[PDB]
Each structure stands twice: as structure tokens, then as C-alpha cells.
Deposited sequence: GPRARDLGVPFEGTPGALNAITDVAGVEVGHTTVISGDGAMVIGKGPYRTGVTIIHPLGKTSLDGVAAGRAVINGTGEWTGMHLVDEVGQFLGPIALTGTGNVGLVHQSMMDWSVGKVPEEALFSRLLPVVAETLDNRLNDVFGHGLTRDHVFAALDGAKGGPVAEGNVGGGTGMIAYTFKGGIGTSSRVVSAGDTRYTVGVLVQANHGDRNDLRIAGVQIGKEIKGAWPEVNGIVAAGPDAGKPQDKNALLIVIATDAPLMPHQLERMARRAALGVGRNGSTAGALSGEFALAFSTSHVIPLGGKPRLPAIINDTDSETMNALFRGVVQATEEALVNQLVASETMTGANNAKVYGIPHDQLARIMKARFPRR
């Protein structure tokens, strides 16, 4: 299936080989996608359109922390482990992105997983799991306990590097973005900072925005698309989570700066951060790592005022965020869920047509 560039959408910058967050070496991504039931929703009975996406910054067997920093665009949502990130500039264990109704279950499941996977002496370090959410309330039985501990273990255990599945998968399964089908998107940039190449990888769980605000490559596209409006039975709280990985050896305060750039990439695509739209970004470094109870490893150190290096990284965040958002839309297929609510994937043919008209 084509991704955004393939359909003729131009973006600046050079992607990594996978054009995904896994272009940052050692990052692993796993999804569990829960799709079951059809028709009228009854709380506790589905239909279910939900899941969880796991990102292991250093791979699933790592006990070490990664340097990290975050930013908030609009904080009407949940992302656990963030007080820790703010305070000590690192987090341990994986990042879970899921649906709002699943947060508690995923949080406890991550602890349980640690008990069976992590040495008991290290369990102490597994007590502040990182779990974030967007709300799949149109397509999913949010309160209905559709996600199980086993689903979470499967995502934790199944995570891998290499190409990342996008669209209606994992935490993104039941999401809606720009009034089209929401979901998971990812992109990366390889940036040149003088004599060194660094990678910036971004994965988004997109559940935000309005059709009439959407811009793709600067084109206000909602009015240009014909049909594809959501339906109920056949008749015609937002959020966005942004995860940024880099192999640049950044300190925590520098990673906050990286996270703060995501908003500019979001800005490019037209949304204005709704009052109840939980829009968050978290950035981590895979080269600035903190062995559990050990000496932090900082291979090289970058000056914040080194604009050559920092600007290349910041530009990478903005570009990869912009593209990750479009990649999501293009990856996400039309879906009918709870109460026969139907949300369309942004139509490829119309998008390709629009890009040709605008960028011969």
C-alpha cells in the first residue's frame, strides 16, 4: 500500500531508509489491534475498535533508561510517567499508546509484564510505566473492557524493528483524524550536523483535527475532497500523541526543545489545538542512555547554541512530524465500528489528483 510520498505528496528533507521511527537504531514497535463485533454498542459488549501500540526505546530486553523531554500543545488528556521525565530527564521501560478506556489496564499490565520478564531486583524500576491515550469513542466501546492483559503482553513481546505498520493498528485502531480515519503514522529524517549523521524518527497516534483545517503540503484539502464524510448507519474529545526518537546524544532539556518543535509540524497541517484536544509530544535519545543504577552514557555532547546541529535536529522533528501525520491519513482505511459509525480513509485517488494539480 502506498504511503504519502508515493501518492505525490511532497515533503522536504531526506527520510531514513524505513521512513519510520525504527530508523532510529534499536527502537522497536509493536501493535495489538482489537477489532471485533458490529452494530449497536452496548457498554461491556463492544463493538471494539481499539488496541495498544508499544515503543521500546532501546528494545524489549533493555532495563536501561533513555534521556527524555516532553512538551504539551494542549494537556486535556493523559500520559503517565511524565512527572518522572520532567524531574529526572529519563524514563524506564516502554511507551504504550492506547485508547483512553484502556489506560489503567495497560498501566497495570505493563507492571505485570515486568514481573514475568524483568529480573526481580530490577522490578523497582518498573513502577512508573509510560502510557498515553487518545479517545476512540466514535468507533469503540471505550468503557467496555475490550483490551485485555494478553493484548498488551502480545504488543510488548511482538515489538520489532524494521518497517512499521501504520493506519488502523494498535492504539490508533479506532481513531479519527481531520474527520477522516485516524490512526498510527510514522516518518523519519536523516539529518547532517556538520560531520555527523543523526536520525530523527517520529510516530504519531492521531485523533485530532477538523476536515476544513487540514492542510497537506500546504494545500487546504478538505474542500477539494468530494464526499468521504463520516456516516451513521449509512447516513451522512480529540487528541494527538507524538513520539520522537533520535540517536542524537541530547540532554533532557535539549529533548524538551525537540518535543516543543512538534507543534510547528502540527501547525503546518492546519489544526489549531481544540480546547479538549489532548495534544502531547515526548522525545527521547537512544544514544544518551542511563544504565539502571549506573553512570549515564553520553557518547558526545552538543551545545544548545550550536545552531548547525540543533537546527538540523529541530528541522528534522518538524518535517518528520508533518509527514508522519500525512502518512497516518494515507495508511488508515475506511472503518465501520460501534453503532455502525463509519469513518472514511482519506481517498487516495482524490489526494493523488489534488497533488498532481498542485505540484506538476
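task = Could you please spell out the deposited residue ranges that have no C-alpha entry in the coordinates?
result = Residues missing from the model, as numbered along the full deposited sequence, span 237 to 247, 372 to 373.
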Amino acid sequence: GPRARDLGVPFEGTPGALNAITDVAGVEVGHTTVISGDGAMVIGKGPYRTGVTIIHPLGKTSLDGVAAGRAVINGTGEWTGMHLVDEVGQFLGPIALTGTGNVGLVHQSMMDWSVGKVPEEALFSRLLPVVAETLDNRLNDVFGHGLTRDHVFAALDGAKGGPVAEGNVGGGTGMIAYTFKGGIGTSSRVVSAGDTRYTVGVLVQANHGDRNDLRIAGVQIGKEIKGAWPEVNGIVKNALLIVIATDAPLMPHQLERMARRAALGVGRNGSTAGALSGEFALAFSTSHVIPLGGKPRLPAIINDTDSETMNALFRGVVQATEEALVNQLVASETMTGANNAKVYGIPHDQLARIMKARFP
From here on, numbers count along this sequence of modelled residues.
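Open item on the list: Please compare 18 to 26 with 335 to 343 and name the stretch with the higher mean C-alpha B-factor in the deposited structure.
Closed with: According to the PDB entry, the answer is 335 to 343.
- prompt: Averaged over C-alpha atoms, is the B-factor higher for 222 to 230 or for 183 to 191 in this PDB entry?
  reply: So the stretch with the higher mean C-alpha B-factor is 222 to 230.
Inset, instruction - Would you mind checking which of 256, 157, 141, 133 has the top Cα temperature factor in the PDB entry? - result: Highest CA B-factor of the listed options: 141.
_By the CA temperature factor listed in this entry, which of these ranks top: 300, 330, 68, 52?_
So the option with the highest C-alpha B-factor is 300.
In terms of the CA temperature factor given in the entry, to which third of its chain does residue 58 belong: lowest, middle or highest?
It belongs to the middle third of the chain when residues are ordered by C-alpha B-factor.
Based on the entry's values, in what third of the chain does the Cα temperature factor of residue 166 lie: lowest, middle or highest?
It falls in the middle third of the chain.
**Message:** Splitting the chain's C-alpha B-factors into thirds, which one does residue 149 fall into?
**Reply:** Highest third of the chain for residue 149's C-alpha B-factor.
- For residue 323, return the chain-relative third of its C-alpha B-factor as stated in the PDB record: lowest, middle or highest. For residue 323, whose C-alpha B-factor we compare with every modelled residue in the chain, the answer is the lowest third.
| request: Name the third of the chain's ranked CA B-factors that contains residue 44, choosing lowest, middle or highest. | output: It belongs to the highest third of the chain when residues are ordered by C-alpha B-factor.
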